[PDB]
Amino acid sequence: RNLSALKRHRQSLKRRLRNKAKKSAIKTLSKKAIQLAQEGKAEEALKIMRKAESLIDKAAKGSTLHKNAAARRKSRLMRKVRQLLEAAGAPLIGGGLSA
Amino acid sequence: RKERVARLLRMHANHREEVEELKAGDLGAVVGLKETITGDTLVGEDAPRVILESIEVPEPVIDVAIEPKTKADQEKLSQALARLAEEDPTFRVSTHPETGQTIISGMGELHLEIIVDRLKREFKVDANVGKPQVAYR
Amino acid sequence: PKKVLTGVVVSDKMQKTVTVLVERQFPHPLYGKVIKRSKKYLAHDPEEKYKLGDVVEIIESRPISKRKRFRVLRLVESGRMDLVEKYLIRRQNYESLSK
Amino acid sequence: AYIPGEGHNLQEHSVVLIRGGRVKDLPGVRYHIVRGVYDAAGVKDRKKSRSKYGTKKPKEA
Amino acid sequence: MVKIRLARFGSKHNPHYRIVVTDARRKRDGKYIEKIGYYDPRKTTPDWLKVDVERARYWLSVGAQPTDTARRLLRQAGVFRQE
Amino acid sequence: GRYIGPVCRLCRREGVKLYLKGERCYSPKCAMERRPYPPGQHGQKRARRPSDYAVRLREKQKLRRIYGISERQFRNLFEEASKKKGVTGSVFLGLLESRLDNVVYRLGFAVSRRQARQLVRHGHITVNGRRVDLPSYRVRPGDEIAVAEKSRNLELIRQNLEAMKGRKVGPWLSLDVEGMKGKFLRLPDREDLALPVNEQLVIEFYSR
RNA sequence: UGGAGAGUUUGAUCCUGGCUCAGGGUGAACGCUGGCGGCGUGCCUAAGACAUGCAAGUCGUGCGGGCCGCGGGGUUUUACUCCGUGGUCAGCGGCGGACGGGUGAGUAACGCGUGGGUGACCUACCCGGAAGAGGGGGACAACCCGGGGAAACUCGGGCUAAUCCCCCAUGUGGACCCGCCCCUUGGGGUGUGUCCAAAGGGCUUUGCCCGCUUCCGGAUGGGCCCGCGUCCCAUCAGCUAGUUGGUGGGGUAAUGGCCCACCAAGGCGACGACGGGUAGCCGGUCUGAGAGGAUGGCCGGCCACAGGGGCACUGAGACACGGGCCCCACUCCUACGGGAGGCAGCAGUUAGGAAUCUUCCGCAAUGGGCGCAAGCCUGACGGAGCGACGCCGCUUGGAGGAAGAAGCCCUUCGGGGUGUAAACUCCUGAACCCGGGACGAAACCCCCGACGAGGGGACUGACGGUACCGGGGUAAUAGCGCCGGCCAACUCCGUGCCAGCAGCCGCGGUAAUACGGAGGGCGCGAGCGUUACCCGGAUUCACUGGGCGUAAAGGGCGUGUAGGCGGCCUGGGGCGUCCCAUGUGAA
Ligand SMILES: [Mg+2]
Ligand SMILES: [Mg+2]
Ligand SMILES: [Mg+2]
Ligand SMILES: [Mg+2]
Ligand SMILES: [Mg+2]
Ligand SMILES: [Mg+2]
Ligand SMILES: [Mg+2]
Ligand SMILES: [Mg+2]
Ligand SMILES: [Mg+2]
Ligand SMILES: [Mg+2]
Ligand SMILES: [Mg+2]
Ligand SMILES: [Mg+2]
Ligand SMILES: [Mg+2]
Ligand SMILES: [Mg+2]
Ligand SMILES: [Mg+2]
Ligand SMILES: [Mg+2]
Ligand SMILES: [Mg+2]
Ligand SMILES: [Mg+2]
Ligand SMILES: [Mg+2]
Ligand SMILES: [Mg+2]
Ligand SMILES: [Mg+2]
Ligand SMILES: [Mg+2]
Ligand SMILES: [Mg+2]
Ligand SMILES: [Mg+2]
Ligand SMILES: [Mg+2]
Ligand SMILES: [Mg+2]
Ligand SMILES: [Mg+2]
Ligand SMILES: [Mg+2]
Ligand SMILES: [Mg+2]
Ligand SMILES: [Mg+2]
Ligand SMILES: [Mg+2]
Ligand SMILES: [Mg+2]
Ligand SMILES: [Mg+2]
Ligand SMILES: [Mg+2]
Ligand SMILES: [Mg+2]
Ligand SMILES: [Mg+2]
Ligand SMILES: [Mg+2]
Ligand SMILES: [Mg+2]
Ligand SMILES: [Mg+2]
Ligand SMILES: [Mg+2]
Ligand SMILES: [Mg+2]
Ligand SMILES: [Mg+2]
Ligand SMILES: [Mg+2]
Ligand SMILES: [Mg+2]
Ligand SMILES: [Mg+2]
Ligand SMILES: [Mg+2]
Ligand SMILES: [Mg+2]
Ligand SMILES: [Mg+2]
Ligand SMILES: [Mg+2]
Ligand SMILES: [Mg+2]
Ligand SMILES: [Mg+2]
Ligand SMILES: [Mg+2]
Ligand SMILES: [Mg+2]
Ligand SMILES: [Mg+2]
Ligand SMILES: [Mg+2]
Ligand SMILES: [Mg+2]
Ligand SMILES: [Mg+2]
Ligand SMILES: [Mg+2]
Ligand SMILES: [Mg+2]
Ligand SMILES: [Mg+2]
Ligand SMILES: [Mg+2]
Ligand SMILES: [Mg+2]
Ligand SMILES: [Zn+2]
């Protein structure tokens, strides 16, 4: 009747409480970073996606996400930042962009 | 037919208890039996295959009938006496299909307790007493 | 060893794609008769050079849609509109069998 | 259904196991009855087609 | 993991094993990759084993882990005997 | 268990004289003398011609009753006989003559098949120490066969080399009487293995 | 090294055509008989519901607590608190529950078989390697305390450890957007901006071993999609609106209307779309000379599901049988407040069915998982039992013994069958008893040796006191179906179109070779008849291998769409076709 393998739910909720708390910081900071690229302020979002970048690739050491998509959640961010900084954007160098 | 049966157990005063061994004289309860109904003998493996005594087959005949109290009770007596007439070893009636009054046979000759009480109390069918019919040669 | 199979253009009514059927020969596995059957293989046309009524060559690629797998590599010849009639008259022969 | 053999032992509420086949000279019958089931016992004095009509060994005396 | 073990292809009370290599996520009678060895325990047949002296170097070079009997019955074959 | 009962009964219905008792067969008391007719109280009936099924049925009896190997024991022997590559009606005869009933009996260690079947069946006649209680053994070409060392001085074996005190049996076997052994050399052919059986109308029946 | 035919329409014949039989096979069943072993198989129907037992746990070279034994100090070994070594309980954490086992309800589909692709992907424990193991902090189960709850259990205030998490220095390496070169579909390096490393433990204390992180490669297991084949019905002829296609975005490891907003009228189908019925597929199995036909019993590969449906987390790998949530139906307990829930895992119970079996023993061998090992679990499996479920093999004796004993049947009364059959002389003696005892087992574990290489030593059997060996020793089971023709085998008595046989022709009206009985004979033999299904017979769907004047058959006729084809000669392509080697057609 009883089984000692009920522990796996008590790692499932205990680690779901961590992963659910970590996955919001990718797209929340990413959409908040891509909004400021439309606003015009570049260095603010360039300060944002260093911490968001740290919360992508530093979160890529556990088991939340470390795949080719772990590179693409950052690649869509730094991809979609750089286009709209040309129509009167004055692209300076913060931390994210390499050029 | 020989099969493996045993798993011998019995009732206690309040619950069930199971025994591994059982010997002569003692009696008890057994599961796993297939089709040997009561009134029959089961013997061992290297047994002399002996059959017991007291196979109660008398031959009584009793003229009696029924009154099913309504006018459409033929289907319910014809449906209930099918499953009811199998416990009574005497079920030869030969009712002439001309009218109602579905006659049940007579074995114990006071057989309300085996047919009519087990039809009103057990099977929930109301009935009364009826009358037979003569036949001149 | 991706297969390189020749098809014919019968319709380019939808943009950025062509409706190409491929004729092929195979004997019957029981009666043994070389009969010609066809099956339409929708291919992508990014250059818009293959017009209506062409004979194209087909190479398989990574799929972009439901029911698209192939693309056009080369044209062998072109201009034979009579085979396009040899499909499309069967398109205007289906309406004569109805209620 | 058809009843084979020299008579039978059947009632109105009888459980009759069926076999099948056909009977040639009857208009609707296409079933046979195996004698040897617990409501259709075989006919006595039967020792030539004994397993076909379902009786045990005729005991000597 | 892919590793060498004994796959029993034998009848009742007549054992015969296959020194054979595939994934450990199969059953005993699984679809293997390459037949390389056989084995008869009852010692009635003098030709009771034959394990290749290059393909065992291939599978052990790409990292198969033999078990107890897959280790002793390949040790009796003599792969690691070069001195 | 192949057949137990009247065995000279099969000769009178069979026709041609059969050798299955030994001392009674070679003597003029094989019941073929003075009683030619098939058994039963019908017997000498009218001269009705047997049907074409019945003739090859009696040929199934002239291949089966003498050898004693029964029908379900026999269809498989015809099956690998047809599976072998060659004349199946000639390979099948020696193929049945590779068994420890008629290899031992053609070696002459018994007076009939009911002594070879039984004396091999109890486990006396051995293939080089490996004693075989089983006459269904397929005898290999060149197999030497001797009786048991306790069976070398029985009251029946001494009467079972009596007629074959150095008998020149044909070239499908060899024997040593003073060593009480033999050696089945090679498989016997069709005609020099001379037994009254026909070849042609057998595969015709067994293919139907 | 491969193929039977007959009965049957008619006064009689030929041809066409229908039906049946002689053969083989089953996850088969019924009846009768029944002795022993070996090897395979055992709910086909209700994928209906289930009492109870067992099937997935493991780690003290990871970590902290409670309880004992003995290692002990102001020990009355009550010692309560110093001390401390091994079990037990529970917890954090790592790995395995995606392996293995069972079923085919659903699915007509890239689901499956076959062959590839990925420039559109992953791969932990396996192996080859370039590096590392330095800092700080934090909380949660466990005990300290309290509450609630009949209970299972649950809720609050602090505590520390771990190989749990967070923040750093290091960045050889990898990743991201732009521009460069050989290939152009997202595949390889260079340059800068940023980001990402960890973890320690044990012993004999670095001599070593077990573990961890970035990354490269090779095996192995997977995901996706394509060419081909994939039941029947047209009395199912139009179907479809994320349906067809692009642009941009979100999600998956990865392409894809997988999902969303706009743009457009598209997409498929008489080469059978759509709709309905049926069905897991294949290697295989049965039959057949072959081509074919039926089917997916055991075993193996894949797919679908775990009472029906929907959904996500953890996990590399699941949308997960014994993991989680909700609805539906059902069972059980209740201190009538709330819970446990899912045997289509093994064995068993019940309903249904004619039909399907042990709540048997064990980790002795393999395999799977954990641990450095010692060892743990294995209803996978290794073995017996039950049921002649199928096959194989064997016994129920042997040699002699009469012109025919006795009993039984027929007779025209002589005789004939039973019949060498029986008793008798001799022999082997299956069962039965006594004694012995197995391959399956040498590995894991230690010793020498340089922790590898190599050699040596030690433990272990449910089967099983069984198979088997050496002797002694009893002649000791037999039935089933048929007997007019197909197709093997006939006399008498009673029945007089009644009882009955029956696959067909068809019999039984006082001589029934067709019924019941007696005898005899035939075929098989621990098996024989019967039923249901499949193939062949059947060329009776004809591709090999048929017809269309009269047996069934040419549309009432013509034009004409699609299709199938198609005069002569020359040249090219090598698509169809043929040949050679290889991959592959697993087992
Ligand atoms: Mg536990
Ligand atoms: Mg070794
Ligand atoms: Mg050695
Ligand atoms: Mg006798
Ligand atoms: Mg006519
Ligand atoms: Mg089923
Ligand atoms: Mg258990
Ligand atoms: Mg401790
Ligand atoms: Mg414990
Ligand atoms: Mg699970
Ligand atoms: Mg299965
Ligand atoms: Mg459908
Ligand atoms: Mg390693
Ligand atoms: Mg290193
Ligand atoms: Mg510190
Ligand atoms: Mg307390
Ligand atoms: Mg470094
Ligand atoms: Mg360095
Ligand atoms: Mg780098
Ligand atoms: Mg790089
Ligand atoms: Mg630069
Ligand atoms: Mg820069
Ligand atoms: Mg690791
Ligand atoms: Mg296809
Ligand atoms: Mg769709
Ligand atoms: Mg996934
Ligand atoms: Mg189905
Ligand atoms: Mg098939
Ligand atoms: Mg599934
Ligand atoms: Mg479900
Ligand atoms: Mg259920
Ligand atoms: Mg579930
Ligand atoms: Mg499972
Ligand atoms: Mg069960
Ligand atoms: Mg057990
Ligand atoms: Mg073990
Ligand atoms: Mg093990
Ligand atoms: Mg098993
Ligand atoms: Mg058995
Ligand atoms: Mg005799
Ligand atoms: Mg004697
Ligand atoms: Mg004696
Ligand atoms: Mg051990
Ligand atoms: Mg030492
Ligand atoms: Mg060694
Ligand atoms: Mg050694
Ligand atoms: Mg024991
Ligand atoms: Mg033992
Ligand atoms: Mg005697
Ligand atoms: Mg005849
Ligand atoms: Mg007849
Ligand atoms: Mg045929
Ligand atoms: Mg045919
Ligand atoms: Mg015709
Ligand atoms: Mg006419
Ligand atoms: Mg006509
Ligand atoms: Mg035309
Ligand atoms: Mg043409
Ligand atoms: Mg031409
Ligand atoms: Mg040319
Ligand atoms: Mg080609
Ligand atoms: Mg194969
Ligand atoms: Zn004779």
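Residues numbered from 1 in each chain as written, not as in the entry; some residues may be left out. Chains lettered and ligands numbered in written order. Part of a larger assembly, values for the part shown. Heavy atoms only, no water.

- The record names cryo-EM as the way this model was obtained, at a resolution of 3.80 Å.

1. Description of the overall build of chain D
Then, number 1: Each helix and strand in chain D was counted, giving zero helices and zero strands.
Then, number 2: Dimensions of chain D along its principal axes, counting C-alpha atoms only, are 45 × 25 × 15 Å.
Then, number 3: For chain D, the proportion of its 61 residues judged to be buried stands at 15%.
Then, number 4: The long-range fraction of contacts in chain D, counting pairs at least 24 apart against all pairs at least 6 apart in sequence, stands at 38%.
Then, number 5: Carbon together with sulfur atoms contributes 50% to the accessible area of chain D, which is approximately 5,200 Å² in total. (Helix = DSSP H or I, 4+ residues; strand = E, 2+ residues; numbered from the N terminus. Buried < 20%, exposed > 50% of the residue type's maximum accessible area, 1.4 Å probe, protein only. Contact = heavy atoms within 4.5 Å. Areas by Shrake-Rupley, 256 points an atom, 1.4 Å probe, with all protein chains shown as cover.)

2. Looking at the protein's contact with RNA strand G
Then, number 1: The immediate surroundings of RNA strand G are formed by 195 residues, with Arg 10 of chain A, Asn 93 and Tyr 94 of chain C together with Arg 58 and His 122 of chain F found nearest.
Then, number 2: Of all RNA strand G atoms lying within 4 Å of any protein atom, the proportion belonging to sugar or phosphate reaches 82%.
Then, number 3: A distance of 2.3 Å separates a phosphate oxygen of RNA strand G from a polar atom in the side chain of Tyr 94 of chain C.
Then, number 4: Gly 7 of chain D is positioned with one of its backbone polar atoms (N or O) 2.8 Å from a phosphate oxygen of RNA strand G. (Near = heavy atom within 4 Å. Polar contact = N/O pair within 3.5 Å; in protein donor to acceptor, adjacent residues only side chain to side chain.)

3. Thoughts on the environment of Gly 182 of chain F
All names here are of chain F.
Then, number 1: Of note, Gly 182 is situated in strand β5 (residues 181–184).
Then, number 2: Residue class for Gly 182 comes out buried when judged on its relative accessible area of 6%.
Then, number 3: For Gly 182, the contacting residues outside a window of four places in its chain are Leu 107, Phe 109, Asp 143, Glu 144, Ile 145, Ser 174, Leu 175 and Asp 176.

4. Quick notes on helix α4 (residues 75–83) of chain F
All names here are of chain F.
Then, number 1: Residues of α4 that are buried include every one of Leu 77, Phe 78 and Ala 81, and no others. Summarising the axial view, the buried residues of α4 lie within an arc of 100°, below the 170-degree limit, and thus occupy one face. Exposed and oriented more than 90 degrees from the buried face of α4 are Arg 75 and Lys 83.
Then, number 2: Summarising the contacts, the buried residues of α4 are in contact with α5 (88–96) and α8 (200–206). (Arc of directions from axis to C-beta.)

5. Quick notes on the packing of aromatic side chains
Then, number 1: Summed over the entire model, instances satisfying the criterion amount to eleven aromatic pairs over all chains.
Then, number 2: For the pair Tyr 58 of chain E and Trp 59 of chain E, a centre-to-centre distance of 5.9 Å together with 75° between the ring planes defines the contact as edge-to-face.
Then, number 3: Assessed through its relative accessible area of 43%, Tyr 58 of chain E is described here as partly exposed.
Then, number 4: Relative accessible area serves as the criterion here: at 13%, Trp 59 of chain E is assigned to the buried category.
Then, number 5: Counting every residue linked through ring pairs, the aromatic cluster contains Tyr 53, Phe 74, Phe 78, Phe 92, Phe 205 and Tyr 206 of chain F. (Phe/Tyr/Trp six-rings, centres within 6.5 Å; stacked < 30°, edge-to-face > 60°.)

6. Quick word on helix α1 (residues 74–84) of chain B
Residue and element names in this part refer to chain B.
Then, number 1: Inspection of α1 places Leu 77, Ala 80, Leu 81 and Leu 84 among the buried residues, and these make up the whole buried set. On an axial view of α1, the arc spanned by its buried residues comes to 100°, and they lie on one face.
Then, number 2: Lining the buried residues of α1 we find β3 (66–67) and α2 (112–120).

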